[PDB]
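Below: the structure, in structure tokens.
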Ligand SMILES: [Zn+2]
Ligand SMILES: [Zn+2]
Ligand SMILES: [Zn+2]
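Here is the structure:
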């Protein structure tokens, strides 16, 4: 069958701009706020709303649609949720980098 | 539901092929079913008639032969389990190692 | 009471509903048995862990243990902190009951099916107003 | 060309003459020469569109009251345009039934009339498309006209615009 | 560079440094599944109207 | 509003049109794929001006498609709606959720909340119409509408208008 | 016409719209009428160029 | 069958760029996504219907 | 257009490369398979690749090769003007 026709222009990736997510961007990109550490509701028939497998983040089943784009498994790329952390935490991959910046600036005025 | 595209014509009422029967690819040699939970519809095709789903064991796609032995017994926990053995003859050809 | 979000495979050309559908797993195709039109392609057939959603429901948890390189200080404190979680406390009571049921069923030389049924009986019959003035030993013995 | 991420953009609003990013006052054509935004009133747009259709008809072949003109445009439209012209048919029909200036001479007079004010192309195009009798009507139907042209000039401009109205 | 060794460390430094990848190497095009600018890809094929009109 | 805009398009030609008269096919494709089309960035592209002098650049063969991609520069008359602009049109449809005004190639939707209080919907009369002491609004009636909002998609534009302000409504 | 069980034969027919027809389960309506621009996924025949590789 | 890195190197040495692309795209996972022109992220919700 | 080198100062080889010939033959073969007008006389031939080879031999392929330079500039070479000697 193949993927459905799209009206967007077809282009080739010319550049890749690496970077870091800002907290504002992660919230703006997010389609749902994950607040329940479960995956299915008490009946184990459907996914729990607000849980890990929220139907708004996409679908990995051939029989269900995505509640966000209304497309099947083979067309939905997946949609990101976000969890608002109670307190800030370090990125495990940047602690050494974070440490080096701390030794470079003043720890009271940031200069 | 979800029955395999092979053939179930060789199974008996107990879900086993009797020894001495010739089998081929996609043939079901151990027929088994399990019950399903309602409120789950896949590709349509799921009506009130359906209350079981296929959990059968098909013969290996590339292999064939004749069923040699079928034994039915119980495991340490008392559950029924079966063993089916299939015979086939290998005749040397242009890819065999000696 | 919720969005449909249901996909039903039917042949646009044949239009016969319900349709005859064959799943060519070896070819990765879903094809109409009458006309041969393919309806869906590229169908799919350790990175995860298994659990039984009949005795544990929906509860995903992970242990903390030593690695190839580890200091005992961090392991001891992390386990100390993890134990003081208020939400997981409720289900730990059921899990503790499961542990003792398993010990009793194992000291009795009983099959695995027996302990699975006993644990399921405990979970279904637990957390109810009728069995609140009875000792846990009676509950476990009755469930077994 | 440097980085680009989300920047706060002025929401489009005709009342503020904030026409957006592609409809700015200063435009660049295909030759790189600077030009002003070409905004057309209903009468000017009607003449421009049907002027190209006749030329298009000439290309292929070589190689008046309201009703008759409407029919003439309709027959010309079907002859000289391709498929999926459902939008152009409505446009030509809409322009003939809402135009105030019929011929080129009438339109040319309007253009030579409203260019003395120095208003935005959007405003002048609006003043040639809507029939306003009093300066107050044009000040509220075109909020941008406020504090750009005095009522003395607007009153006389509207009078002259209504002067050259055929039928 | 992440294709050889220390994949994740390189990608974290790319993120913190906000590195720009211009995708002129074979590996970048292999990752993106597009024709690499090598061999048959070191040039573009255009259509010639000046020759089309005279070929009839 | 009607503008004369300098637009660019990427046209694709199937290899079946790689003949001695391919430029004519590109012109035909432009008139069949652009004229009458709607773009959220430039509005409704109505007419292509100077149909004889479109700039056809050299075409690029796509690697696996085999088709030629031509960038085409042309001058067109495009209708672009803007919020806060006042337009005139004819009512085409009426319903309990308000009436629809036809302005060129665009349809403006006037909601009840954007209508004056005196106006009321009367489904008893055939055709259905909005009736008030001073005027009646029905299909084919002429209404002066102020566009209150515009939502532009890559291939569609929908606008909502109002007739509450003075000098608006029935003409 | 030969079908997918006889070499030289064919397995699928793809129309210009992107629809793929399995020649198995398709003989019910008889042989399909081909049109220009369609694709016939047919068995690899003699003289077809193929890439032949041995690892490492 | 695995078309591994060593095979990719050999095909690069042959200069068969189009064949290398077809092996990695049409003979394997090929997926179409929608990206935003402002942010290069695959966060575009596309209602293709 | 500063990146288009005028035809009078092109410094690239006047010969077709093996990769240029391979893509031109594949490019024209694909077009022929899609019912493209053939500009060479066929004395009996059904394989698109063989038809393309006949066109290349008789210099009837209406394509140009845009050779790119490591600084972004390019040169346009017609398939008809490129020497096929390899
Ligand atoms: Zn989705
Ligand atoms: Zn069918
Ligand atoms: Zn974005």
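Residue numbers (the deposited numbering), protein chains in the order written: chain Z, 2 to 112; chain U, 883 to 980; chain B, 14 to 58, 78 to 176; chain Y, 11 to 73, 117 to 220; chain A, 1399 to 1454; chain D, 1 to 171; chain L, 393 to 448; chain W, 1128 to 1176; chain X, 70 to 155. Backbone N, C-alpha and C fix where the C-beta goes; we use that ideal spot for every residue, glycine too.
- At a cut-off of 3 residues, the continuous stretches assigned as beta strand (DSSP E) that sit fully inside the stretch 57 to 143 of chain D are 68 to 79, 86 to 95, 98 to 103, 106 to 110, 120 to 122, 129 to 131.
- Distance from the CA atom of residue 117 of chain Y to the CA atom of residue 152 of chain Y, rounded to whole angstroms, is 14 Å.
- Under the Cβ criterion of 8 Å, residue 922 of chain U is not counted among the residues facing chain B.
- For the pair residue 142 of chain X and residue 422 of chain L, the Cα-to-Cα distance works out to about 57 Å.
- The Cβ-Cβ distance between residue 884 of chain U and residue 935 of chain U falls below 8 Å.
- Distance from the Cα of residue 133 of chain B is smallest, within the candidate group B:122, B:152, B:115, B:116, for B:152.
- Neighbourhood of residue 1142 of chain W in chain X, by CB distance below 9 Å: 87, 88, 91, in chain order.
- Closest in alpha carbon position to residue 410 of chain L, among L:433, L:396, L:402, is L:433.
- Within the stretch 1435 to 1452 of chain A, 1442, 1443, 1444, 1445, 1447, 1450, 1451 place their CB atoms closer than 7 Å to a CB of chain D, listed in sequence order.
- Spatial neighbours of residue 22 of chain B in its own chain (CB-CB distance under 8 Å, excluding positions within 5 residues in sequence) are listed in chain order as 32, 34, 43, 52, 53.
- Counting along the chain, residue 1444 of chain A sits inside the beta strand (DSSP E) bounded by residues 1441 to 1445.
- Judged by DSSP secondary structure, residue 119 of chain X falls within the alpha helix (DSSP H) whose first and last residues are 117 to 126.
- In terms of beta-carbon proximity, residue 409 of chain L stays away from the interface with chain B, with every pair separated by 8 Å or more.
- In the structure shown, residue 74 of chain Z falls within a coil segment according to DSSP collapsed to helix, strand and coil.
- Nearest in C-alpha terms to residue 114 of chain D, of all of D:72, D:77, D:159, is D:159.
- Closer than 8 Å to the CB of residue 1431 of chain A there is at least one CB belonging to chain W.
- DSSP assignment within the stretch 99 to 157 of chain B yields the following whole alpha helix (DSSP H) runs of 4 residues or more, N-terminal first: 104 to 115, 120 to 139, 144 to 157.
- One thing to note: residue 137 of chain B has its Cβ within 8 Å of the Cβ of residue 176 of chain B.
- Residue 26 of chain B has its CB nearer than 7 Å to a heavy atom of ligand 2.
- Going by C-alpha positions, residue 907 of chain U is about 12 Å away from residue 939 of chain U.
- Here residue 161 of chain D carries a strand assignment [DSSP, helix/strand/coil].
- With a threshold of 8 Å between beta carbons, residue 75 of chain Z makes no contact with chain U.
- When rounded, the separation of the alpha-carbon atoms in residue 218 of chain Y and residue 69 of chain Y is 33 Å.
- Per the coordinates, the alpha-carbon of residue 101 of chain Z lies some 59 Å from the alpha-carbon of residue 98 of chain X.
- The Cβ-Cβ distance between residue 18 of chain D and residue 79 of chain D does not fall below 8 Å.
- Within the same chain, Cβ atoms closer than 6 Å to the Cβ of residue 98 of chain D are found at 110, 111, 112, the five residues on either side in sequence being excluded.
- Taking a Cβ-Cβ threshold of 8 Å, the residues of chain Z close to residue 15 of chain B are 47, in chain order.
- Those residues placing their Cβ nearer than 5 Å to any heavy atom of ligand 3 are, following chain order, W:1163, W:1165, W:1166.
- Pairwise C-beta distances place the stretch 132 to 140 of chain Y out of contact with the stretch 148 to 162 of chain Y, as fewer than three of them are shorter than 8 Å.
- Its chain contains 132, 163, 164, 169 as the residues whose beta carbon lies nearer than 8 Å to that of residue 116 of chain D, once the 5 sequence neighbours on both sides are disregarded; these appear in chain order.
- If only uninterrupted beta strand (DSSP E) runs of at least 3 residues are considered, those enclosed by the stretch 890 to 960 of chain U are 910 to 912, 915 to 917, 934 to 936, 947 to 956.
- The beta-carbon of residue 106 of chain X is placed less than 8 Å from the nearest beta-carbon of chain D.
- Ranked by Cα distance from residue 73 of chain D, the options D:143, D:51, D:146, D:135 are led by D:51.
- Contact annotation: residue 81 of chain Z and residue 14 of chain Z have beta-carbon atoms that are not nearer than 8 Å.
- One alpha carbon belongs to residue 91 of chain Z, the other to residue 195 of chain Y, and they sit about 56 Å apart.
- The Cβ atoms of residue 211 of chain Y and residue 178 of chain Y do not sit closer than 8 Å to each other.
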